[PDB]
$ cat entry06.cif   # mmCIF, C-alpha atoms and all ligand atoms
data_my_file
loop_
_atom_site.group_PDB
_atom_site.id
_atom_site.type_symbol
_atom_site.label_atom_id
_atom_site.label_comp_id
_atom_site.auth_asym_id
_atom_site.auth_seq_id
_atom_site.Cartn_x
_atom_site.Cartn_y
_atom_site.Cartn_z
ATOM 1 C CA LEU H 6 5.868 -11.090 -10.375
ATOM 2 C CA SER H 7 5.736 -14.707 -9.241
ATOM 3 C CA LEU H 8 5.708 -15.219 -5.479
ATOM 4 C CA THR H 9 6.351 -18.953 -5.907
ATOM 5 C CA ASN H 10 10.062 -18.535 -5.113
ATOM 6 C CA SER H 11 9.727 -15.865 -2.376
ATOM 7 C CA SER H 12 11.798 -16.718 0.702
ATOM 8 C CA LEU H 13 9.439 -14.895 3.087
ATOM 9 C CA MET H 14 6.083 -16.049 1.708
ATOM 10 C CA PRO H 15 6.138 -19.567 3.220
ATOM 11 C CA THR H 16 6.617 -18.108 6.728
ATOM 12 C CA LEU H 17 4.136 -15.218 6.603
ATOM 13 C CA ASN H 18 0.716 -14.942 8.241
ATOM 14 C CA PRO H 19 -1.933 -16.675 6.042
ATOM 15 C CA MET H 20 -3.919 -13.458 5.490
ATOM 16 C CA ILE H 21 -0.734 -11.739 4.291
ATOM 17 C CA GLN H 22 -0.032 -14.688 2.011
ATOM 18 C CA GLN H 23 -3.500 -14.540 0.461
ATOM 19 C CA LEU H 24 -3.357 -10.795 0.005
ATOM 20 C CA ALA H 25 0.103 -10.948 -1.568
ATOM 21 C CA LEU H 26 -1.186 -13.584 -3.983
ATOM 22 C CA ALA H 27 -4.262 -11.503 -4.817
ATOM 23 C CA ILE H 28 -2.173 -8.395 -5.514
ATOM 24 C CA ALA H 29 0.241 -10.377 -7.703
ATOM 25 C CA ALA H 30 -2.732 -11.937 -9.549
ATOM 26 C CA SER H 31 -4.210 -8.513 -10.208
ATOM 27 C CA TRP H 32 -0.935 -7.274 -11.696
ATOM 28 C CA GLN H 33 0.195 -10.439 -13.490
ATOM 29 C CA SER H 34 -1.285 -9.806 -16.950
ATOM 30 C CA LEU H 35 -0.853 -6.016 -17.040
ATOM 31 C CA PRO H 36 1.630 -4.342 -19.419
ATOM 32 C CA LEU H 37 4.308 -4.474 -16.717
ATOM 33 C CA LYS H 38 7.824 -3.114 -16.881
ATOM 34 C CA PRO H 39 10.334 -3.289 -14.008
ATOM 35 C CA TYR H 40 10.545 -0.285 -11.725
ATOM 36 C CA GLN H 41 14.065 0.026 -10.353
ATOM 37 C CA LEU H 42 13.974 1.019 -6.692
ATOM 38 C CA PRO H 43 16.887 3.061 -5.289
ATOM 39 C CA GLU H 44 20.080 0.975 -5.453
ATOM 40 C CA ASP H 45 18.028 -1.631 -7.389
ATOM 41 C CA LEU H 46 16.767 -2.901 -4.063
ATOM 42 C CA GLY H 47 15.130 -6.357 -3.996
ATOM 43 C CA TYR H 48 15.959 -8.017 -0.672
ATOM 44 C CA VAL H 49 17.422 -6.493 2.488
ATOM 45 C CA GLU H 50 18.104 -7.506 6.090
ATOM 46 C CA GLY H 51 19.258 -5.501 9.088
ATOM 47 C CA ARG H 52 19.789 -5.809 12.818
ATOM 48 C CA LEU H 53 21.115 -3.490 15.510
ATOM 49 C CA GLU H 54 20.622 -4.402 19.194
ATOM 50 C CA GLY H 55 17.446 -6.481 18.808
ATOM 51 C CA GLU H 56 15.493 -8.464 16.254
ATOM 52 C CA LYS H 57 16.420 -8.698 12.578
ATOM 53 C CA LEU H 58 14.162 -7.143 9.951
ATOM 54 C CA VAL H 59 13.977 -8.944 6.598
ATOM 55 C CA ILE H 60 12.368 -7.257 3.579
ATOM 56 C CA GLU H 61 11.486 -8.460 0.062
ATOM 57 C CA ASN H 62 10.601 -5.861 -2.570
ATOM 58 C CA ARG H 63 8.795 -6.276 -5.880
ATOM 59 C CA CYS H 64 8.227 -3.195 -8.012
ATOM 60 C CA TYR H 65 6.727 -2.541 -11.453
ATOM 61 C CA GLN H 66 5.131 0.136 -13.590
ATOM 62 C CA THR H 67 2.659 0.495 -16.432
ATOM 63 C CA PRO H 68 1.564 3.524 -18.455
ATOM 64 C CA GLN H 69 -1.201 4.186 -15.883
ATOM 65 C CA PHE H 70 0.722 3.276 -12.730
ATOM 66 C CA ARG H 71 3.957 5.120 -12.021
ATOM 67 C CA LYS H 72 5.127 2.649 -9.398
ATOM 68 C CA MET H 73 3.565 -0.595 -8.171
ATOM 69 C CA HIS H 74 5.349 -1.678 -5.033
ATOM 70 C CA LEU H 75 4.650 -4.853 -3.068
ATOM 71 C CA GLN H 76 6.871 -5.225 -0.005
ATOM 72 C CA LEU H 77 6.822 -8.188 2.371
ATOM 73 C CA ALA H 78 8.658 -8.012 5.702
ATOM 74 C CA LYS H 79 9.292 -9.974 8.875
ATOM 75 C CA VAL H 80 10.791 -8.811 12.169
ATOM 76 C CA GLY H 81 12.315 -11.765 13.978
ATOM 77 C CA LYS H 82 10.283 -14.950 13.929
ATOM 78 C CA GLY H 83 6.822 -13.537 14.515
ATOM 79 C CA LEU H 84 6.034 -9.971 13.294
ATOM 80 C CA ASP H 85 4.834 -9.953 9.664
ATOM 81 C CA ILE H 86 4.117 -6.991 7.395
ATOM 82 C CA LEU H 87 2.642 -6.485 3.950
ATOM 83 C CA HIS H 88 2.962 -3.034 2.356
ATOM 84 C CA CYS H 89 1.556 -2.213 -1.055
ATOM 85 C CA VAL H 90 1.058 1.001 -2.980
ATOM 86 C CA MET H 91 0.104 1.522 -6.597
ATOM 87 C CA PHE H 92 1.229 5.071 -7.299
ATOM 88 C CA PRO H 93 -0.707 6.483 -10.248
ATOM 89 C CA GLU H 94 0.813 8.292 -13.212
ATOM 90 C CA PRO H 95 -0.585 11.804 -12.621
ATOM 91 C CA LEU H 96 -1.284 12.112 -16.386
ATOM 92 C CA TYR H 97 -4.207 9.699 -15.939
ATOM 93 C CA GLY H 98 -5.557 11.021 -12.610
ATOM 94 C CA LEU H 99 -6.219 7.655 -10.965
ATOM 95 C CA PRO H 100 -6.415 7.341 -7.167
ATOM 96 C CA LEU H 101 -3.743 5.653 -5.041
ATOM 97 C CA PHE H 102 -4.289 2.036 -4.151
ATOM 98 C CA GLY H 103 -2.695 1.184 -0.814
ATOM 99 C CA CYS H 104 -2.804 -1.552 1.781
ATOM 100 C CA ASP H 105 -0.945 -2.419 4.945
ATOM 101 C CA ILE H 106 -1.214 -5.577 7.027
ATOM 102 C CA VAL H 107 0.582 -6.166 10.325
ATOM 103 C CA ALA H 108 0.408 -9.541 12.055
ATOM 104 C CA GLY H 109 2.014 -11.231 15.028
ATOM 105 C CA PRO H 110 1.796 -14.504 16.987
ATOM 106 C CA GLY H 111 -1.583 -13.217 18.247
ATOM 107 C CA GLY H 112 -2.909 -12.930 14.671
ATOM 108 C CA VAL H 113 -3.466 -9.908 12.413
ATOM 109 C CA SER H 114 -3.408 -6.702 14.468
ATOM 110 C CA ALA H 115 -3.954 -4.153 11.666
ATOM 111 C CA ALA H 116 -5.455 -4.386 8.211
ATOM 112 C CA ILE H 117 -5.710 -1.187 6.150
ATOM 113 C CA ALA H 118 -6.777 -0.790 2.536
ATOM 114 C CA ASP H 119 -7.871 2.171 0.459
ATOM 115 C CA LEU H 120 -8.239 3.853 -2.870
ATOM 116 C CA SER H 121 -7.060 7.339 -1.884
ATOM 117 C CA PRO H 122 -7.893 10.644 -3.591
ATOM 118 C CA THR H 123 -5.482 12.815 -5.571
ATOM 119 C CA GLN H 124 -7.983 15.548 -6.580
ATOM 120 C CA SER H 125 -7.788 18.990 -4.937
ATOM 121 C CA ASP H 126 -11.325 18.561 -3.560
ATOM 122 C CA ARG H 127 -10.071 15.412 -1.762
ATOM 123 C CA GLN H 128 -12.781 13.330 -3.431
ATOM 124 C CA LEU H 129 -12.404 10.153 -5.444
ATOM 125 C CA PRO H 130 -13.400 10.407 -9.110
ATOM 126 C CA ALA H 131 -17.136 9.954 -9.633
ATOM 127 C CA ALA H 132 -16.737 6.519 -11.246
ATOM 128 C CA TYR H 133 -14.828 5.215 -8.211
ATOM 129 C CA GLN H 134 -17.348 6.671 -5.761
ATOM 130 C CA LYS H 135 -20.123 4.937 -7.685
ATOM 131 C CA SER H 136 -18.404 1.539 -7.985
ATOM 132 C CA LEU H 137 -17.280 1.554 -4.350
ATOM 133 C CA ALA H 138 -20.735 2.502 -3.041
ATOM 134 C CA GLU H 139 -22.203 -0.441 -4.964
ATOM 135 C CA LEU H 140 -20.078 -2.911 -2.971
ATOM 136 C CA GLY H 141 -22.149 -2.043 0.109
ATOM 137 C CA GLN H 142 -20.815 -1.275 3.581
ATOM 138 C CA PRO H 143 -18.748 -4.167 4.928
ATOM 139 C CA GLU H 144 -19.351 -5.361 8.500
ATOM 140 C CA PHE H 145 -16.310 -5.503 10.782
ATOM 141 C CA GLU H 146 -16.435 -6.023 14.548
ATOM 142 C CA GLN H 147 -13.248 -4.156 15.493
ATOM 143 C CA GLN H 148 -12.975 -0.899 13.565
ATOM 144 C CA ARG H 149 -9.942 1.302 14.254
ATOM 145 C CA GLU H 150 -9.822 5.079 13.930
ATOM 146 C CA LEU H 151 -7.195 6.512 11.592
ATOM 147 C CA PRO H 152 -4.455 8.720 13.070
ATOM 148 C CA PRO H 153 -4.526 12.430 12.095
ATOM 149 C CA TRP H 154 -2.132 11.977 9.149
ATOM 150 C CA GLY H 155 -4.723 9.517 7.810
ATOM 151 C CA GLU H 156 -6.873 12.392 6.547
ATOM 152 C CA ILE H 157 -5.369 11.392 3.148
ATOM 153 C CA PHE H 158 -7.531 8.254 3.009
ATOM 154 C CA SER H 159 -10.941 8.088 1.361
ATOM 155 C CA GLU H 160 -14.287 7.547 3.050
ATOM 156 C CA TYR H 161 -14.023 3.902 1.858
ATOM 157 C CA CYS H 162 -10.792 3.265 3.757
ATOM 158 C CA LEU H 163 -10.712 0.062 5.774
ATOM 159 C CA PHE H 164 -8.819 0.008 9.066
ATOM 160 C CA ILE H 165 -9.596 -2.943 11.320
ATOM 161 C CA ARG H 166 -8.331 -5.668 13.580
ATOM 162 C CA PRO H 167 -9.889 -8.743 11.949
ATOM 163 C CA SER H 168 -11.883 -10.656 14.570
ATOM 164 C CA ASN H 169 -11.807 -14.104 12.966
ATOM 165 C CA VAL H 170 -11.055 -15.969 9.736
ATOM 166 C CA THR H 171 -14.411 -14.855 8.262
ATOM 167 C CA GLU H 172 -13.377 -11.206 8.648
ATOM 168 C CA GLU H 173 -9.863 -11.904 7.328
ATOM 169 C CA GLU H 174 -11.433 -13.371 4.200
ATOM 170 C CA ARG H 175 -14.023 -10.561 3.934
ATOM 171 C CA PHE H 176 -11.222 -7.993 4.073
ATOM 172 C CA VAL H 177 -9.128 -9.767 1.415
ATOM 173 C CA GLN H 178 -12.183 -10.018 -0.846
ATOM 174 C CA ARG H 179 -12.828 -6.293 -0.441
ATOM 175 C CA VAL H 180 -9.218 -5.566 -1.458
ATOM 176 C CA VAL H 181 -9.770 -7.849 -4.465
ATOM 177 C CA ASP H 182 -12.867 -5.773 -5.284
ATOM 178 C CA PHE H 183 -10.909 -2.511 -4.932
ATOM 179 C CA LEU H 184 -8.227 -3.827 -7.319
ATOM 180 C CA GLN H 185 -10.830 -4.970 -9.845
ATOM 181 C CA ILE H 186 -12.437 -1.509 -9.872
ATOM 182 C CA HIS H 187 -9.013 0.170 -10.062
ATOM 183 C CA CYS H 188 -7.745 -1.962 -12.945
ATOM 184 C CA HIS H 189 -10.957 -1.407 -14.854
ATOM 185 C CA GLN H 190 -10.963 2.361 -14.372
ATOM 186 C CA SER H 191 -7.344 2.417 -15.527
ATOM 187 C CA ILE H 192 -8.338 1.124 -18.973
ATOM 188 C CA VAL H 193 -10.968 3.833 -19.505
ATOM 189 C CA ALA H 194 -8.818 6.738 -18.228
ATOM 190 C CA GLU H 195 -7.536 9.243 -20.781
ATOM 191 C CA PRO H 196 -4.537 11.579 -20.548
ATOM 192 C CA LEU H 197 -5.498 14.750 -18.715
ATOM 193 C CA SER H 198 -4.625 18.422 -19.189
ATOM 194 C CA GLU H 199 -1.396 19.956 -17.853
ATOM 195 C CA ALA H 200 -3.450 21.712 -15.101
ATOM 196 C CA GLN H 201 -5.178 18.482 -14.135
ATOM 197 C CA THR H 202 -1.910 16.499 -14.208
ATOM 198 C CA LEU H 203 -0.470 19.141 -11.889
ATOM 199 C CA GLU H 204 -3.350 18.884 -9.474
ATOM 200 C CA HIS H 205 -2.994 15.084 -9.328
ATOM 201 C CA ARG H 206 0.740 15.228 -8.826
ATOM 202 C CA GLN H 207 0.163 17.462 -5.801
ATOM 203 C CA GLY H 208 -2.360 14.965 -4.372
ATOM 204 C CA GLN H 209 0.260 12.224 -4.677
ATOM 205 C CA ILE H 210 2.992 14.416 -3.155
ATOM 206 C CA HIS H 211 0.748 15.173 -0.186
ATOM 207 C CA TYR H 212 -0.094 11.476 0.241
ATOM 208 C CA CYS H 213 3.602 10.614 0.463
ATOM 209 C CA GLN H 214 4.421 13.445 2.860
ATOM 210 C CA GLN H 215 1.617 12.382 5.191
ATOM 211 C CA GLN H 216 2.504 8.673 5.041
ATOM 212 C CA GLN H 217 6.003 9.652 6.204
ATOM 213 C CA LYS H 218 4.467 10.882 9.480
ATOM 214 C CA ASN H 219 3.664 7.292 10.455
ATOM 215 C CA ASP H 220 5.906 6.575 13.429
ATOM 216 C CA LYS H 221 4.655 2.957 13.606
ATOM 217 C CA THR H 222 6.588 2.200 10.405
ATOM 218 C CA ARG H 223 9.491 4.449 11.387
ATOM 219 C CA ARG H 224 10.119 2.801 14.761
ATOM 220 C CA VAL H 225 10.201 -0.699 13.262
ATOM 221 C CA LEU H 226 12.693 0.429 10.626
ATOM 222 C CA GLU H 227 14.801 2.343 13.153
ATOM 223 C CA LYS H 228 15.082 -0.567 15.571
ATOM 224 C CA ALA H 229 16.670 -2.694 12.826
ATOM 225 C CA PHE H 230 18.594 -0.152 10.742
ATOM 226 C CA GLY H 231 18.769 3.183 12.594
ATOM 227 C CA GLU H 232 17.406 6.682 12.045
ATOM 228 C CA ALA H 233 19.244 7.673 8.849
ATOM 229 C CA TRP H 234 18.492 4.389 7.072
ATOM 230 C CA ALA H 235 14.825 4.618 8.082
ATOM 231 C CA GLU H 236 14.572 8.182 6.827
ATOM 232 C CA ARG H 237 16.102 7.242 3.465
ATOM 233 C CA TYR H 238 13.868 4.177 3.194
ATOM 234 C CA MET H 239 10.622 5.989 3.997
ATOM 235 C CA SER H 240 11.401 9.032 1.838
ATOM 236 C CA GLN H 241 13.061 7.295 -1.121
ATOM 237 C CA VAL H 242 11.824 3.701 -1.236
ATOM 238 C CA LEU H 243 8.333 3.690 0.302
ATOM 239 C CA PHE H 244 6.910 7.185 -0.188
ATOM 240 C CA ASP H 245 8.947 8.987 -2.795
ATOM 241 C CA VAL H 246 7.863 12.597 -3.334
ATOM 242 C CA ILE H 247 7.573 13.181 -7.076
ATOM 243 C CA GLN H 248 9.049 16.479 -8.264
HETATM 244 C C1 LIG P 1 6.973 -0.759 4.699
HETATM 245 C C2 LIG P 1 7.198 -1.191 5.918
HETATM 246 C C3 LIG P 1 6.140 -1.153 6.948
HETATM 247 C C4 LIG P 1 6.291 -1.254 8.390
HETATM 248 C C5 LIG P 1 7.530 -1.437 9.211
HETATM 249 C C6 LIG P 1 4.910 -1.090 8.869
HETATM 250 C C7 LIG P 1 4.587 -1.152 10.280
HETATM 251 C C8 LIG P 1 3.318 -0.901 10.955
HETATM 252 N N1 LIG P 1 2.307 -0.202 10.392
HETATM 253 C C9 LIG P 1 1.385 -0.153 11.380
HETATM 254 C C10 LIG P 1 0.167 0.627 11.304
HETATM 255 C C11 LIG P 1 -0.480 1.418 10.258
HETATM 256 N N2 LIG P 1 -0.239 1.346 8.926
HETATM 257 C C12 LIG P 1 -1.157 2.192 8.365
HETATM 258 C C13 LIG P 1 -1.342 2.340 6.928
HETATM 259 C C14 LIG P 1 -0.383 2.172 5.846
HETATM 260 N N3 LIG P 1 0.925 1.894 6.026
HETATM 261 C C15 LIG P 1 1.427 1.822 4.774
HETATM 262 O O1 LIG P 1 2.667 1.583 4.533
HETATM 263 C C16 LIG P 1 0.458 2.030 3.691
HETATM 264 C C17 LIG P 1 0.681 2.019 2.220
HETATM 265 C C18 LIG P 1 -0.776 2.255 4.447
HETATM 266 C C19 LIG P 1 -2.150 2.549 3.989
HETATM 267 C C20 LIG P 1 -2.592 2.267 2.781
HETATM 268 C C21 LIG P 1 -2.076 2.804 9.334
HETATM 269 C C22 LIG P 1 -3.210 3.760 9.102
HETATM 270 C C23 LIG P 1 -1.608 2.287 10.599
HETATM 271 C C24 LIG P 1 -2.095 2.644 11.969
HETATM 272 C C25 LIG P 1 -1.170 3.738 12.504
HETATM 273 C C26 LIG P 1 -1.399 4.034 13.967
HETATM 274 O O2 LIG P 1 -2.055 3.212 14.644
HETATM 275 O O3 LIG P 1 -0.908 5.093 14.406
HETATM 276 C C27 LIG P 1 1.820 -0.733 12.654
HETATM 277 C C28 LIG P 1 1.061 -0.818 13.947
HETATM 278 C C29 LIG P 1 0.115 -2.009 13.842
HETATM 279 C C30 LIG P 1 -0.965 -1.992 14.909
HETATM 280 O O4 LIG P 1 -1.154 -0.947 15.570
HETATM 281 O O5 LIG P 1 -1.628 -3.035 15.078
HETATM 282 C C31 LIG P 1 3.150 -1.243 12.364
HETATM 283 C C32 LIG P 1 4.079 -1.998 13.270
HETATM 284 N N4 LIG P 1 3.986 -0.923 7.903
HETATM 285 C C33 LIG P 1 4.689 -0.956 6.754
HETATM 286 O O6 LIG P 1 4.157 -0.828 5.596
#

$ encode --input "entry06.cif" --output "structure tokens" --more "lines below"
Ligand SMILES: C=CC1=C(C)/C(=C/c2[nH]c(/C=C3N=C(/C=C4\NC(=O)C(C)=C4C=C)C(C)=C\3CCC(=O)O)c(CCC(=O)O)c2C)NC1=O
Amino acid sequence: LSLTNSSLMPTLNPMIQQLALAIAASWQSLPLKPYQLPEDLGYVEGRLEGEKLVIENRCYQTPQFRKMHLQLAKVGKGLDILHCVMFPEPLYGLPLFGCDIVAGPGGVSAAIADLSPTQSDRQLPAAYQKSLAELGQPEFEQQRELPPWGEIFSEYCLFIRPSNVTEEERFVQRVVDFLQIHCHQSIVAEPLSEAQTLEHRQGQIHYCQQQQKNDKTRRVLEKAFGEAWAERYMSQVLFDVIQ
């Protein structure tokens, strides 16, 4: 999963670079297998009437994680995006790790990270609640309220505009902490019952359906590739509904 030869990495916002490295480091020694995206996608570029969008995809799986997708993107010279989701295998009932960072010439505008529930009661498993609580409440000067579709995110969801380098680093460290908890819980998780697996699958389906309501992503994709491409990308590459 080496990022050493990434074409985008050298030109991305430093917070995005550090987060990409931290995600890759978390995954590096796992029992990884490739996950083939639709059309074996790995790098793509598109332009219509405006700026070009350039995307680099990395995607893996393990027995506990159905799909581990790290996607870096740049629109034109200055708009930088990191997208990451670890989709759980429903059999093990783990939450969804996700993060999104958007940055421009004015710095990072949006930083989101969560471990999101899949249970019918919309709660994280008890072990996650406990480990997350023990991190303490992080201090951020510019909190942002989630849009309605963001009901899918846990009570521990971060959504901020970082105010300075200190906050950028605090946010990255909290994502590192989330990944450490997630990787640990994955090694103590056992296969669940058919009824429980079903429940968790539905939580993941709902997560994907709600993520597809995000017009901030959709507009960026549409401006570079058009409506049909954006719909296929969001529904098949980013947030595939398992069935
Ligand atoms: C893949 C391509 C991709 C694009 C083009 C993208 C764009 C993107 N996402 C954004 C917001 C956002 N992004 C998210 C969250 C997520 N988004 C996610 O993909 C995941 C996994 C999460 C959460 C774990 C949220 C909650 C917002 C704010 C939405 C809003 O303000 O309405 C914004 C607005 C930034 C701002 O208001 O400062 C843009 C331009 N994000 C992307 O990932």

$ residues_near_ligand --input "entry06.cif" --ligand "ligand LIG 1 (chain P)" --cutoff "8 Å" --atoms "only C-alpha atoms and all ligand atoms" --output "short mmCIF file (atom, residue, chain, number, x, y, z; two decimals) with C-alpha atoms, keeping the file's coordinate frame"
data_model
loop_
_atom_site.label_atom_id
_atom_site.label_comp_id
_atom_site.auth_asym_id
_atom_site.auth_seq_id
_atom_site.Cartn_x
_atom_site.Cartn_y
_atom_site.Cartn_z
CA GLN H 76 6.87 -5.22 0.00
CA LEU H 77 6.82 -8.19 2.37
CA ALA H 78 8.66 -8.01 5.70
CA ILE H 86 4.12 -6.99 7.40
CA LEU H 87 2.64 -6.48 3.95
CA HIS H 88 2.96 -3.03 2.36
CA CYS H 89 1.56 -2.21 -1.06
CA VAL H 90 1.06 1.00 -2.98
CA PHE H 102 -4.29 2.04 -4.15
CA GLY H 103 -2.70 1.18 -0.81
CA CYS H 104 -2.80 -1.55 1.78
CA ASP H 105 -0.94 -2.42 4.94
CA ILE H 106 -1.21 -5.58 7.03
CA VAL H 107 0.58 -6.17 10.32
CA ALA H 108 0.41 -9.54 12.06
CA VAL H 113 -3.47 -9.91 12.41
CA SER H 114 -3.41 -6.70 14.47
CA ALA H 115 -3.95 -4.15 11.67
CA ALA H 116 -5.46 -4.39 8.21
CA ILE H 117 -5.71 -1.19 6.15
CA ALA H 118 -6.78 -0.79 2.54
CA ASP H 119 -7.87 2.17 0.46
CA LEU H 151 -7.20 6.51 11.59
CA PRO H 152 -4.46 8.72 13.07
CA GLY H 155 -4.72 9.52 7.81
CA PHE H 158 -7.53 8.25 3.01
CA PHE H 164 -8.82 0.01 9.07
CA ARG H 166 -8.33 -5.67 13.58
CA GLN H 216 2.50 8.67 5.04
CA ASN H 219 3.66 7.29 10.46
CA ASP H 220 5.91 6.58 13.43
CA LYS H 221 4.66 2.96 13.61
CA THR H 222 6.59 2.20 10.40
CA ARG H 223 9.49 4.45 11.39
CA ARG H 224 10.12 2.80 14.76
CA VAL H 225 10.20 -0.70 13.26
CA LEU H 226 12.69 0.43 10.63
CA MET H 239 10.62 5.99 4.00
CA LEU H 243 8.33 3.69 0.30
#

$ residues_around --input "entry06.cif" --residues "region 169-177 of chain H" --least-positions-apart "2" --cutoff "7 Å" --atoms "all atoms listed in the file" --output "PyMOL selection string"
chain H and resi 20+24+145+167+179-181

$ closest_residue --input "entry06.cif" --among "H:247, H:185, H:232, H:10" --to "residue 210 (chain H)" --atoms "all atoms listed in the file"
H:247

$ residues_around --input "entry06.cif" --residues "residue 8 (chain H)" --least-positions-apart "4" --cutoff "10 Å" --atoms "only C-alpha atoms" --output "VMD selection string"
chain H and resid 12 to 15 22 25 to 26 29 to 30 63

$ write_last_selection --input "entry06.cif" --atoms "C-alpha atoms" --output "PDB file, keeping the file's coordinate frame"
ATOM      1  CA  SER H  12      11.798 -16.718   0.702  1.00  0.00           C
ATOM      2  CA  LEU H  13       9.439 -14.895   3.087  1.00  0.00           C
ATOM      3  CA  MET H  14       6.083 -16.049   1.708  1.00  0.00           C
ATOM      4  CA  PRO H  15       6.138 -19.567   3.220  1.00  0.00           C
ATOM      5  CA  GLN H  22      -0.032 -14.688   2.011  1.00  0.00           C
ATOM      6  CA  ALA H  25       0.103 -10.948  -1.568  1.00  0.00           C
ATOM      7  CA  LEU H  26      -1.186 -13.584  -3.983  1.00  0.00           C
ATOM      8  CA  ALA H  29       0.241 -10.377  -7.703  1.00  0.00           C
ATOM      9  CA  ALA H  30      -2.732 -11.937  -9.549  1.00  0.00           C
ATOM     10  CA  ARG H  63       8.795  -6.276  -5.880  1.00  0.00           C
TER      11      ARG H  63
END

$ atom_distance --input "entry06.cif" --atom1 "CA of residue 64 (chain H)" --atom2 "CA of residue 47 (chain H)"
8.6 Å

$ atom_distance --input "entry06.cif" --atom1 "CA of residue 147 (chain H)" --atom2 "CA of residue 163 (chain H)"
10.9 Å

$ closest_residue --input "entry06.cif" --among "H:160, H:227, H:182, H:204" --to "residue 139 (chain H)" --atoms "all atoms listed in the file"
H:182

$ atom_distance --input "entry06.cif" --atom1 "CA of residue 138 (chain H)" --atom2 "CA of residue 32 (chain H)"
23.7 Å

$ residues_around --input "entry06.cif" --residues "residue 39 (chain H)" --least-positions-apart "3" --cutoff "10 Å" --atoms "only C-alpha atoms" --output "PyMOL selection string"
chain H and resi 6+42+63-67+72-73

$ residues_around --input "entry06.cif" --residues "residue 195 (chain H)" --least-positions-apart "5" --cutoff "9 Å" --atoms "only C-alpha atoms" --output "PyMOL selection string"
chain H and resi 96-98

$ resolve_selection --input "entry06.cif" --expression "the PyMOL selection byres (((chain H and resi 202) around 10) and not hetatm)" --output "PyMOL selection string"
chain H and resi 94-98+124+196-201+203-208
